[PDB]
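> PDB entry and its sequence, pasted below:
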Amino acid sequence: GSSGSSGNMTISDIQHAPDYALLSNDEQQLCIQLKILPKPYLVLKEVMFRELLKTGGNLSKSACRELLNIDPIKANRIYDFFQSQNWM
């Protein structure tokens, strides 16, 4: 999965990922913008759902920022993405 997880990572590191094919045309874009791998991105993605179902649909930046273990600015992008997929 992740060997080192230290030091600036290029975009090629994302496309090279062993799971960079199961990313919807839209997903791929983001991954490149937020420079996030599909492996880890998937984990957090599943969480956003497991929680969106428990509450039924009461997730907001305020919480999202906490739910996901990442930067505040980076999250924003992810949050919206979900809305773009009429998922929320």
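Structure received. Numbering: from 1, shown residues only.

> tell me which element residue 9 is part of?
If you go by DSSP states H and E, residue 9 is not part of any helix or strand.

> Repeat that for residue 63.
Applying DSSP H and E as the criterion places residue 63 in helix 61-67.

> since we're on the spatially closest residue to residue 88 that is not a sequence neighbour, how many residues are nearby?
Leaving out its chain neighbours, the residue that sits closest to residue 88 by Cβ to Cβ, 6 or more residues apart in numbering is residue 82, at 5.1 Å. For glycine as for every other residue, the C-beta is placed from the backbone atoms N, C-alpha and C. Per other Cβ atoms under 10 Å, the neighbour tally for residue 82 reads 16.

> My guess is residue 82 contacts residue 68. True?
No - in this structure residue 82 lies outside contact range of residue 68 using Cβ atoms under 8 Å: 11.2 Å.

> what's the overlap in contacts for these two?
residue 48 (Cβ atoms under 8 Å, 6 or more residues apart in numbering).

> Now do the contacts for the residue most central in space within the chain.
Centre of the chain computed as the mean C-alpha position; nearest residue by Cα atoms, centre = their mean is residue 41, 4.0 Å away. When contacts are counted by Cβ under 8 Å, 6+ apart, residue 41 touches 27, 31.

> Can you identify the helix in this structure that spans the most residues?
In the chain, taking DSSP state H as the definition, the longest helix is helix 38-55.

> Would you mark the buried spots in that helix?
38, 40-41, 44-45, 48, 52 (16 or more other Cβ atoms under 10 Å).

> Residue 82 versus residue 19, what's the distance?
Counting by Cβ to Cβ, to the nearest Å, the gap from residue 19 to residue 82 is 19 Å.

> Tell me how many other residues crowd the spatially closest residue to residue 40 that is not a sequence neighbour.
Distances taken as Cβ to Cβ, 6+ apart place residue 2 nearest to residue 40, at 7.1 Å, with adjacent residues excluded. By the criterion of other Cβ under 10 Å, residue 2 has 9 neighbours.
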